[PDB]
Amino acid sequence: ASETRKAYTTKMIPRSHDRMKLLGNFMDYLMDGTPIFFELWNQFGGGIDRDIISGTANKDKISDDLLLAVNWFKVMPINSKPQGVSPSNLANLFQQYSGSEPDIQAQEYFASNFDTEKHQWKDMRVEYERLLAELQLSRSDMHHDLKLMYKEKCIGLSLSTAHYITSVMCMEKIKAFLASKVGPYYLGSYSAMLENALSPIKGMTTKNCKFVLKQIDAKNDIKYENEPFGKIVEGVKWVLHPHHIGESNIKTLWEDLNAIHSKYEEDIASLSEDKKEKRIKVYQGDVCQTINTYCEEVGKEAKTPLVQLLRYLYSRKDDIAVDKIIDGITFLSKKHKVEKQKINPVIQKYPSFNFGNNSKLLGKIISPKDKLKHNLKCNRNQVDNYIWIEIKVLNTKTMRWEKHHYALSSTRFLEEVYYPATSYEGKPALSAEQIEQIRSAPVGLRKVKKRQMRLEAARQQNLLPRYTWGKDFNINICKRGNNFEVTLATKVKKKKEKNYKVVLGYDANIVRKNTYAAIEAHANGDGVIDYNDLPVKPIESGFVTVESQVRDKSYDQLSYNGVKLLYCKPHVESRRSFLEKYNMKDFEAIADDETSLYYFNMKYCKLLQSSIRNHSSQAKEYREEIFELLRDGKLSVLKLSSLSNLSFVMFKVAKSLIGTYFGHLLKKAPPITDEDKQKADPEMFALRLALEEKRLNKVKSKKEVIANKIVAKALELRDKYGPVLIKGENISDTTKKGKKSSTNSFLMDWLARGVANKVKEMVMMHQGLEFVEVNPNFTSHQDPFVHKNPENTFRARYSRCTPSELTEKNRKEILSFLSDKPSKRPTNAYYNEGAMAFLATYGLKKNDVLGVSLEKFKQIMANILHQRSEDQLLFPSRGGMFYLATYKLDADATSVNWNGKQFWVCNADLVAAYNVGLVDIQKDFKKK
RNA sequence: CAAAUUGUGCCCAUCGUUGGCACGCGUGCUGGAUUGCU
DNA sequence: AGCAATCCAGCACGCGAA
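Residues numbered from 1 in each chain as written, not as in the entry; some residues may be left out. Chains lettered and ligands numbered in written order. Heavy atoms only, no water. Residues with missing side-chain atoms left out of burial classes, pairs and counts.

K.L.:
Explanation requested: the overall build of chain A in the structure shown.
P.N.:
On a plain count of helices and strands, chain A comes out with 33 helices and 23 strands. Its C-alpha atoms give chain A principal-axis dimensions of roughly 95 × 85 × 75 Å. (Helix = DSSP H or I, 4+ residues; strand = E, 2+ residues; numbered from the N terminus.)

Below is the structure:
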């Protein structure tokens, strides 16, 4: 029985200066009262002590010491009342409190790093005594009241809802103090302030409790018997990480070094004579060169191992073994990581004041039916583009409540649930008058006017479905400055069902046109593959393409990648003519009439970045170009950009260009603060902010649109077959230090988990759908519907191509794959066996195939493709599409007989999507 | 309780043919990544 | 090393009722 919430981010319309100021005063009164509740509950939590929690004592694994520590020892900003405690003196302070010494959990909690510059530990027990003294209440009575609170779940862990706390709760003195500090007791305002004060309290408390649990569990996984070895290895300063020595290649490096050392030792033992020092120096130089070459080789696929660390380890080769060295270094890295995990501070939340109907600040959108009643009782057009919400505002001047009306202007909200049926869908056909009105609106209001008129026409034509209002919408009024941002939240109920019938996987690639693929559960037709025991059938499989209808064409935002420059010729010609004045194969290599516009823009950004690096002293002179390249120009990043990964790469290189521009314009040593660069060129900083906001909007739109396409396909399959299952990838632990910096940057824009969260949220809104995450391990190579049934297949990937388009790089890669060399990667073995199968298919005589004269090889391939009546030839490729699948899983796959199997050349992405599906289908369907 | 001029936005070589399209908002802290000159 | 920013993700609660 799952549920979620929707929100339409309405916009407040000023009703009148007096009413607006009244609402602002009410908001300020509520906001200023929240910190009082925050401090009061800080004191209450500080008051906790043993003999109070020793009642029900209900808790999973939380030790009483950890609970007490969190209840009276928290990290808060330096500038706050409870100041006066240092980290060192935590153990004795806890010992004094409750009369017991710290335990492991409490010691770890106290032994938790934080940011001393901004935050600091706070006693949270002198605050309780301060509350007792200032309000002069007996400690016994306060203890009784707070024990009652805890018995009511009003303090500690797992607090009850704020409204319940306020309703349930020496009460006279507490209420008098609240009245002195906060306004008169009113349930709504008190509940709102208590909620907005407790939120950070309980949130950070639970987060830090689970953080301590994780830290103790991680430390229990630390061996600690390498601690002397850790100190030996550790003997400016930085932590040592496993990637600094080639975590896995260090064993081979040390084996080679041990062999060389054995040779050196046996040669020194014999041939005992002078000049030994020269040979030893020659031995040291050779080992140093070997270490450097090893680091150079290892730095091609990961971070380059540190040369100095390896030299230090090799010098101490007799005092520690290779496995001991690895254990010590991993122990040091793990200890450093565990000891830098900050504890979560407790900052004060900015109140939001959720206005509702049941138990919140009373308020409501009036109704559509009551809106019609109001428009009929009072002469009105009966149709308007605004929503009136009645809010029970507390008058600051006269301390009494009063209901006022305020206007919201969200067209989407009207389109979705508000506008009435007086008389996912499409759009109606407008009349003459409505079209004239749309054409008469100003340029900036044309789109919203068009939407409003289309909605009005839909109402006129009975094309607006009845929306069963229900009146269960929550209003969230947040006052930041002098303006409001009402939201109009709403609940959505799903009642999820487990009896699925389809599995709709999607690979969510980065740069290879993320695709989807569906699989039936109990198919009964021509093709029913018995995977293990469940009859399944490939339903279909296609790419996630979003259609933007230009005047006559239809572009794909996710993959358009820009125009091909065949129509942007004047811009490129002007840029070339201007640049010719100052001194070009690279320029022409990117200016082809088939090159995409965004690729050209990215390459130009990188070229300008390099030039500015070269011409560091004159970075300002190019600033105009940057503007003409990013905002002002018609062919600019802000004016023209798609959602394809190439576009995000272009934006990232633009941000890097701005960064290097600031660095070169502000270099002659105090740090270059953002303020200094802003003052040096406020226009450039404003442009950078504009790019950042544009990219944030760009990424949110991409997540939204991809989620829309996949969820719409899921809905289609549900309409056809039944409850669908998406099974999206669990892209976790990505962007590791072990990977190269370029790889980390490339994976950052993956947005795989963002898309997964968005589609999960959407699926929470549609009945029947559900989204689960499965392990992406080996999902990119398994052959669909045949892997795992007899056993794992793990076939390799190819790339079909004609002989005429064969390149030297392809031949070199193929020959390298043909090289029978031992490799630890299972992918290398898979590609080796695939290449062996390819050779056996046509008998290329690998020994005779690795010769020169690539033209001769092309001629031989053409002869082979002539003997066998085909069109192209396949060849293994590590980054190639066209995975070999046994079934026709594409609908465009080509049947080809490889050996005796009659495979279907599908596309790698579609088979990957299929693999992502049915990974744990048995878990989905139990025999019950 | 009347402003009837804007929810956030997204797409484009010819910004309109009424162009096409999407969307949970906030707050808070915690982990990985973007230049720069030795 | 002789130090300025920001983005991508991860969890904590409001969006109870009777």
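K.L.:
Please explain the environment of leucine 455 as it appears in this structure.
P.N.:
For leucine 455, the location among the structural elements is in helix α18 (residues 446-460). Under the relative-accessibility criterion, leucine 455 is labelled buried at 8%. Distance from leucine 455 to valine 546, taken between C-alpha atoms, is 24 Å for residues 91 residues apart in sequence. Setting aside anything within four residues of it in sequence, one finds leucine 455 in contact with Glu415, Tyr419 and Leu464. (Buried < 20%, exposed > 50% of the residue type's maximum accessible area, 1.4 Å probe, protein only. Contact = heavy atoms within 4.5 Å.)

K.L.:
Explain the layout of surface pockets here, please?
P.N.:
A probe matching the size of a water molecule, rolled over the atoms, marks out where space remains unfilled. For the second largest pocket, the calculated volume is near 1,600 Å³. The wall of the second largest pocket is formed by 39 residues, among which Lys739, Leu747, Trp750, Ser780 and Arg825 lie closest to the centre. At the level of secondary structure, the elements contributing two or more residues to the lining of the second largest pocket comprise α26 (741-748), α29 (826-842) and α32 (908-916). Here the residues of the lining of the second largest pocket are counted per class, giving 15 nonpolar, 13 polar and 11 charged. In this structure, the lining of the second largest pocket is formed jointly by two domains, domain 3 (241-339) and domain 4 (803-924), each of which donates at least three residues. (1 Å grid on protein atoms, 1.4 Å probe; cavity = no way out; pocket = protein on both sides within 12 Å on 5 of 7 lines; lining within 4 Å. Points joined across faces, edges and corners; volume = space filled by probe spheres on them. Nonpolar A, V, L, I, M, F, W, Y, C, P; charged D, E, K, R; others polar. Domains from an automatic or database assignment.)

K.L.:
Even after reading the chapter, I still don't get the packing of helix α17 (residues 432-440) against α18, so can you show me in this structure?
P.N.:
Packed helix pairs are characterised by how far apart their axes lie and by the angle those axes make with each other. Where α17 contacts α18, the two axes come as close as 9 Å, and the packing angle between them is 170°. With respect to α18, the element α17 is oriented roughly antiparallel. The handedness of the crossing between α17 and α18 is right-handed. Between α17 and α18, the contacting residues are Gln434, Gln437, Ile438 and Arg439 on the first element and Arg446, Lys449, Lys450, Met453, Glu456, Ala457 and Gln460 on the second. (Axes fitted to C-alpha atoms, helices over the stretch in contact; angles between N-to-C directions. Parallel < 35°, antiparallel > 145°, perpendicular 65-115°, else oblique. Left-handed = near helix turned anticlockwise from the far one by under 90°.)

K.L.:
Would you take a moment to explain the domain arrangement of chain A for this structure?
P.N.:
According to the domain assignment, chain A contains domain 1 (3-14 + 352-493), domain 2 (17-220), domain 3 (241-339) and domain 4 (803-924). Inter-centroid distance (C-alpha atoms) of domain 2 to domain 4 is 65 Å.

K.L.:
I'm lost on the nonpolar core in this one. Help?
P.N.:
Within soluble globular proteins, side chains that are nonpolar generally end up buried alongside one another. Grouped together as the largest cluster of nonpolar side chains are 93 residues, with contacts concentrated most on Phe73, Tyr109 and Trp121. Ranked by residue count, the leading element in this core is helix α1 (residues 17-46), at 12 residues. Residue assignment places this core across two domains, with domain 1 (3-14 + 352-493) and domain 2 (17-220) each supplying three or more. Those residues in contact with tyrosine 109 that sit more than four places away from it in its chain are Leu66, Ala69, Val70, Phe73, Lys74, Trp121, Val212 and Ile343. Judged by nonpolar contacts, the second largest core, of 35 residues, contains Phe600, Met602, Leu608 and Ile658. (Core = buried A, V, L, I, M, F, W, Y, C linked by side-chain atoms within 4.5 Å.)

K.L.:
Please explain the protein's contact with RNA strand B as it appears in this structure.
P.N.:
With respect to spatial proximity, 74 residues lie near RNA strand B, and among them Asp384, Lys447, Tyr560, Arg613 and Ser741 are the closest. The protein-proximal atoms of RNA strand B, defined as those within 4 Å of the protein, are 64% sugar or phosphate. At 2.5 Å from a phosphate oxygen of RNA strand B is found a side-chain nitrogen or oxygen belonging to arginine 454. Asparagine 708 is positioned such that a nitrogen or oxygen atom in its side chain is 3.3 Å from a sugar or linking oxygen of RNA strand B. Class assignment for the residues of the surface near RNA strand B results in 21 nonpolar, 25 polar and 28 charged. (Near = heavy atom within 4 Å. Polar contact = N/O pair within 3.5 Å; in protein donor to acceptor, adjacent residues only side chain to side chain.)

K.L.:
Could you clarify how one ought to interpret the protein's contact with DNA strand C in this entry?
P.N.:
Surveying the vicinity of DNA strand C reveals 26 residues, the closest of which are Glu195, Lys207, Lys210, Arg695 and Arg753. In the interface set of DNA strand C, defined as its atoms within 4 Å of the protein, sugar plus phosphate atoms amount to 78%. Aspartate 674 places a polar side-chain atom, nitrogen or oxygen, 3.5 Å from a phosphate oxygen of DNA strand C. Those elements that place two or more of their residues in the surface near DNA strand C are α9 (187-220), β10 (489-493), α25 (682-720) and α27 (752-763). Considering each element in turn, the surface near DNA strand C owes the most residues, six residues, to α9. Each residue belonging to the surface near DNA strand C can be placed in one class, and the counts come to seven nonpolar, seven polar and 12 charged.

K.L.:
Is there a simple way to explain the sheet that holds strand β18 (residues 724-725) in this structure?
P.N.:
Two strands in a sheet stick together by hydrogen bonds in their backbones, pointing the same way (parallel) or opposite ways (antiparallel). Here four strands make up an open sheet; going across it, the order is β15-β12-β11-β18 and the pairing mixed. Strands at the two margins of the open sheet, each flanked by one partner only, are β15 (538-543) and β18. Note that strand β12 (residues 515-520) and β15 share five bridges and pair antiparallel. Counted as the bridge partner of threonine 515 is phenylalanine 543 from β15. (Pairing = 2+ DSSP bridges.)

K.L.:
Teacher, can you tell me more about the sheet that holds strand β22 (residues 894-896) here?
P.N.:
Pairing is antiparallel in the open sheet, where three strands are placed in the order β21-β23-β22. Both outer strands of the open sheet, β21 (884-885) and β22, are each paired with one neighbouring strand and no more.

K.L.:
What exactly am I supposed to notice about the packing of α1 against α9 here?
P.N.:
Following both chains from N to C, one finds α1 and α9 inclined at 50°, their axes separated by 8 Å at the closest point. Classified by the angle between their axes, α1 and α9 sit oblique to one another. The way α1 lies across α9 gives a crossing that is right-handed. Contact residues: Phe26, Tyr29, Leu30, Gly33, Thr34, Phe37, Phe38, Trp41 and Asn42 in α1; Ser189, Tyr190, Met193, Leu194, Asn196, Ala197, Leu198, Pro200 and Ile201 in α9. Here the contact of α1 with α9 is built from residues that sort into 13 nonpolar, five polar and no charged.

K.L.:
Would you explain the pairing of strand β11 (residues 502-506) in this entry?
P.N.:
If a strand is regular, its side chains alternate between the two faces of the sheet. Within β11, five of the five residues are buried, leaving the element largely enclosed by the surrounding structure. Residues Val502, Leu504 and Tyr506 point to one face of β11 and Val503 and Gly505 to the other, with burial holding for every one of them. Pairing between β11 and β12: five bridges, direction antiparallel. Considered in β12, the bridge of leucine 504 is made with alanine 518.

K.L.:
Would you mind showing me how to read the packing of aromatic side chains here?
P.N.:
Where two aromatic rings form a pair, the distance of their centres and the angle of their planes describe that pair. All chains considered together, the criterion is met by 35 aromatic pairs. A ring pair is formed by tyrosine 224 and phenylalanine 331, whose centres lie 5.9 Å apart and whose planes are at 70°; its orientation type is edge-to-face. Ring geometry for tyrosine 264 against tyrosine 283: centres 4.0 Å apart, planes inclined by 25°, an arrangement best described as stacked. A residue pair is termed long-range when its members are at least 10 positions apart, and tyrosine 264 in helix α11 (residues 249-269) and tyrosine 283 in helix α12 (residues 276-298) qualify at 19 residues. With relative accessibility at 10%, the residue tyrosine 283 sits in the buried group. Members of the aromatic cluster, each reached through a chain of ring pairs, are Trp72, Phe73, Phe94, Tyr97, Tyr109, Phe110 and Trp121. Directly above the aromatic system of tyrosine 350 lies the positively charged group of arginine 480, at a separation of 4.7 Å from the ring centroid. (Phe/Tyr/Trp six-rings, centres within 6.5 Å; stacked < 30°, edge-to-face > 60°. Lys NZ or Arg CZ within 6 Å of the ring centre and 35° of its normal.)

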